[PDB]
Structure formats: structure tokens, C-alpha cells
Amino acid sequence: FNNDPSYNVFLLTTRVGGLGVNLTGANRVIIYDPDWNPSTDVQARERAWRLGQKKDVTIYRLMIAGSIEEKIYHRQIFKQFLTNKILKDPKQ
DNA sequence: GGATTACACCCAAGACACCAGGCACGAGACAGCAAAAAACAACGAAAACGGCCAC
């Protein structure tokens, strides 16, 4: 994927992929389905947002409004707050 | 002294309670064609993917 001008897109199923695979070639990212682990998505974004990435990277989240996606996304935001007030400011 | 005067002794009619057995209740305990056959609803779910080791 990195060393070929063709082979533009490829699906990854971000459970198996994210162990540290180097995919700096990517610049755009599409998230299709929200996951349960709030962590599995940071490695997913890091599949194109490696340290010192060559070009700007963007994330497009898919979210079905008025569905379980709403509950999961709010849950993930709450989980981010959990690790973002325990380690940032316990007054939040 | 001995019999009227009185009082003790007991015994017979009496009663209440006793002893049991009836009598009614009281609720269990039933207990209710056989043979043949067919329809006929209900008895009734661990997802899915990865990182492996051993093929």
C-alpha cells in the first residue's frame, strides 16, 4: 500500500490491524462501524496518523443518528472523559 | 334408776360428674364405554473476530 501508486483503497477491520503496521501512505480515513473499546480507534487513526506523517490526515466517522450508534458514541465520549479527568483534572 | 332429753352413728336416697360410645360431621379419596385414527400447538437458540499453537 505504501510503495505502490495504485492500490488506492483497502479495508482493514481494525481489530487484527493496528499491532504496529506501518501504513503511512494513507491520508484519508473512513470509520464505518463504532467499536466497543475506545482504544481500538486510536490505533485505527494511527494507521494513517503515524508520528510525523507526510501529509495531513482526516477522519470521517459514520454514525446512524437515532440508533445504538448514538448510545455507543456517547458512551465512548464518556469513556474519553473518564481517562480525560482522572489523568487531567479530577474536578470535571 | 331409767327414761325422757339429747346427740352420735350411719345408711339410704340423693346428686354431680364421669366414662364411653354413639352420631353426626367432615373432609379425604375417589372415580367414573372400550376399541380404533387423525388432525393438532406446544413442549423448544451463545455473536463474532483475533492471536495464537498444532495441523
# chains A, B, ... in the order shown; residues from 1 in each chain; ligands from 1
$ closest_atom_pairs --of "chain B" --to "chain A" --cutoff "10 Å" --atoms "only C-alpha atoms (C1' of nucleotides)" --output "JSON lines"
{"residue": "B:49", "atom": "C1'", "partner": "A:15", "partner_atom": "CA", "distance": 7.7}
{"residue": "B:50", "atom": "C1'", "partner": "A:16", "partner_atom": "CA", "distance": 6.1}
{"residue": "B:51", "atom": "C1'", "partner": "A:16", "partner_atom": "CA", "distance": 8.7}
$ select_by_dssp --residues "chain A" --states "helix (DSSP H, G or I)" --output "VMD selection string"
chain A and resid 40 to 46 68 to 82
$ write_last_selection --atoms "N, CA, C and O atoms" --output "tab-separated table (two decimals), in the first residue's frame"
chain	number	residue	atom	x	y	z
A	40	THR	N	-9.37	0.97	20.40
A	40	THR	CA	-9.18	0.34	19.10
A	40	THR	C	-9.24	1.35	17.96
A	40	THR	O	-8.74	1.10	16.87
A	41	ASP	N	-9.87	2.51	18.21
A	41	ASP	CA	-9.96	3.55	17.20
A	41	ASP	C	-8.72	4.43	17.14
A	41	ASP	O	-8.43	5.00	16.08
A	42	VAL	N	-7.97	4.57	18.23
A	42	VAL	CA	-6.77	5.40	18.17
A	42	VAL	C	-5.70	4.71	17.32
A	42	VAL	O	-5.02	5.37	16.52
A	43	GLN	N	-5.55	3.39	17.44
A	43	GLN	CA	-4.63	2.70	16.53
A	43	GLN	C	-5.14	2.75	15.10
A	43	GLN	O	-4.35	2.82	14.15
A	44	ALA	N	-6.47	2.72	14.92
A	44	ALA	CA	-7.05	2.83	13.59
A	44	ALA	C	-6.67	4.16	12.94
A	44	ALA	O	-6.22	4.19	11.79
A	45	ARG	N	-6.84	5.26	13.67
A	45	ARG	CA	-6.45	6.56	13.15
A	45	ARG	C	-4.94	6.62	12.97
A	45	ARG	O	-4.44	7.29	12.06
A	46	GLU	N	-4.20	5.88	13.80
A	46	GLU	CA	-2.74	5.88	13.72
A	46	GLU	C	-2.25	5.06	12.53
A	46	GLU	O	-1.08	5.15	12.16
A	68	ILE	N	-28.38	2.78	18.01
A	68	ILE	CA	-27.41	2.38	19.03
A	68	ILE	C	-26.08	3.08	18.82
A	68	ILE	O	-25.29	3.20	19.76
A	69	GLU	N	-25.81	3.54	17.60
A	69	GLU	CA	-24.60	4.32	17.35
A	69	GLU	C	-24.55	5.56	18.23
A	69	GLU	O	-23.49	5.94	18.73
A	70	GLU	N	-25.70	6.20	18.44
A	70	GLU	CA	-25.76	7.33	19.35
A	70	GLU	C	-25.32	6.94	20.75
A	70	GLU	O	-24.48	7.61	21.36
A	71	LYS	N	-25.87	5.84	21.27
A	71	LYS	CA	-25.55	5.41	22.63
A	71	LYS	C	-24.07	5.05	22.75
A	71	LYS	O	-23.41	5.42	23.72
A	72	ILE	N	-23.54	4.33	21.76
A	72	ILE	CA	-22.13	3.92	21.79
A	72	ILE	C	-21.22	5.14	21.74
A	72	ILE	O	-20.28	5.25	22.52
A	73	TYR	N	-21.51	6.06	20.81
A	73	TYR	CA	-20.67	7.24	20.65
A	73	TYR	C	-20.68	8.10	21.91
A	73	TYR	O	-19.62	8.58	22.35
A	74	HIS	N	-21.85	8.29	22.52
A	74	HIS	CA	-21.89	8.98	23.80
A	74	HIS	C	-21.15	8.21	24.88
A	74	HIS	O	-20.49	8.80	25.73
A	75	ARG	N	-21.23	6.87	24.85
A	75	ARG	CA	-20.51	6.05	25.81
A	75	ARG	C	-19.01	6.21	25.62
A	75	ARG	O	-18.25	6.30	26.59
A	76	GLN	N	-18.55	6.25	24.37
A	76	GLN	CA	-17.13	6.41	24.08
A	76	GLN	C	-16.65	7.80	24.50
A	76	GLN	O	-15.52	7.95	24.97
A	77	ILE	N	-17.50	8.81	24.32
A	77	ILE	CA	-17.17	10.15	24.80
A	77	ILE	C	-17.05	10.16	26.32
A	77	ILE	O	-16.16	10.79	26.89
A	78	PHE	N	-17.96	9.45	27.00
A	78	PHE	CA	-17.88	9.36	28.45
A	78	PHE	C	-16.62	8.62	28.89
A	78	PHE	O	-16.00	8.97	29.89
A	79	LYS	N	-16.24	7.58	28.14
A	79	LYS	CA	-15.02	6.84	28.43
A	79	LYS	C	-13.78	7.71	28.22
A	79	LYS	O	-12.82	7.63	28.99
A	80	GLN	N	-13.80	8.54	27.18
A	80	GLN	CA	-12.74	9.51	26.95
A	80	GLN	C	-12.68	10.53	28.08
A	80	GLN	O	-11.59	10.94	28.49
A	81	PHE	N	-13.83	10.95	28.60
A	81	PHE	CA	-13.86	11.82	29.76
A	81	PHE	C	-13.28	11.13	30.99
A	81	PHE	O	-12.57	11.76	31.78
A	82	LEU	N	-13.57	9.84	31.16
A	82	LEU	CA	-13.05	9.05	32.27
A	82	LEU	C	-11.53	9.10	32.31
A	82	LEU	O	-10.94	9.36	33.36
$ select_by_dssp --residues "chain A" --states "strand (DSSP E or B)" --output "number ranges by chain"
A: 28-31, 58-61
$ write_last_selection --atoms "C-alpha atoms" --output "PDB file, in the first residue's frame"
ATOM      1  CA  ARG A  28      -7.809   9.790   4.420  1.00  0.00           C
ATOM      2  CA  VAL A  29      -9.602   7.510   6.895  1.00  0.00           C
ATOM      3  CA  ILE A  30     -13.207   6.272   6.978  1.00  0.00           C
ATOM      4  CA  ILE A  31     -14.596   4.740  10.170  1.00  0.00           C
ATOM      5  CA  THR A  58      -8.591  13.361   8.109  1.00  0.00           C
ATOM      6  CA  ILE A  59     -11.155  11.147   9.833  1.00  0.00           C
ATOM      7  CA  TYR A  60     -14.711  10.610   8.607  1.00  0.00           C
ATOM      8  CA  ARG A  61     -16.912   8.861  11.171  1.00  0.00           C
TER       9      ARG A  61
END
$ atom_distance --atom1 "atom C1' of residue B:46" --atom2 "atom CA of residue A:67"
24.0 Å
$ atom_distance --atom1 "atom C1' of residue B:53" --atom2 "atom CA of residue A:19"
19.4 Å
$ residues_around --residues "residue A:26" --least-positions-apart "4" --cutoff "9 Å" --atoms "only C-alpha atoms (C1' of nucleotides)" --output "tab-separated table (two decimals) with N, CA, C and O atoms, in the first residue's frame"
chain	number	residue	atom	x	y	z
A	1	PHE	N	0.82	-1.20	0.00
A	1	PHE	CA	0.00	0.00	0.00
A	1	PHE	C	0.86	1.26	0.00
A	1	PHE	O	0.53	2.24	-0.67
A	2	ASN	N	1.97	1.24	0.75
A	2	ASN	CA	2.82	2.42	0.86
A	2	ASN	C	3.63	2.66	-0.42
A	2	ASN	O	3.80	3.80	-0.85
A	8	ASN	N	-5.28	1.95	-4.29
A	8	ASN	CA	-5.65	3.17	-3.60
A	8	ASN	C	-6.29	2.88	-2.24
A	8	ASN	O	-5.85	3.42	-1.22
A	9	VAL	N	-7.31	2.04	-2.23
A	9	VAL	CA	-8.10	1.79	-1.02
A	9	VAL	C	-7.88	0.35	-0.58
A	9	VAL	O	-7.56	-0.51	-1.40
A	47	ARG	N	-3.13	4.26	11.94
A	47	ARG	CA	-2.79	3.56	10.70
A	47	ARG	C	-2.53	4.53	9.56
A	47	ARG	O	-1.88	4.15	8.58
A	48	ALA	N	-3.03	5.76	9.66
A	48	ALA	CA	-2.66	6.83	8.73
A	48	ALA	C	-2.06	8.04	9.43
A	48	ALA	O	-1.49	8.89	8.74
A	49	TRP	N	-2.15	8.13	10.75
A	49	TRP	CA	-1.65	9.27	11.52
A	49	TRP	C	-0.41	8.90	12.33
A	49	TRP	O	-0.28	9.29	13.49
A	55	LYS	N	1.61	13.78	5.09
A	55	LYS	CA	0.61	14.76	4.71
A	55	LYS	C	-0.54	14.75	5.70
A	55	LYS	O	-0.68	13.79	6.48
A	57	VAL	N	-3.94	14.28	7.63
A	57	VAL	CA	-4.82	13.12	7.71
A	57	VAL	C	-6.17	13.58	8.24
A	57	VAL	O	-6.23	14.43	9.13
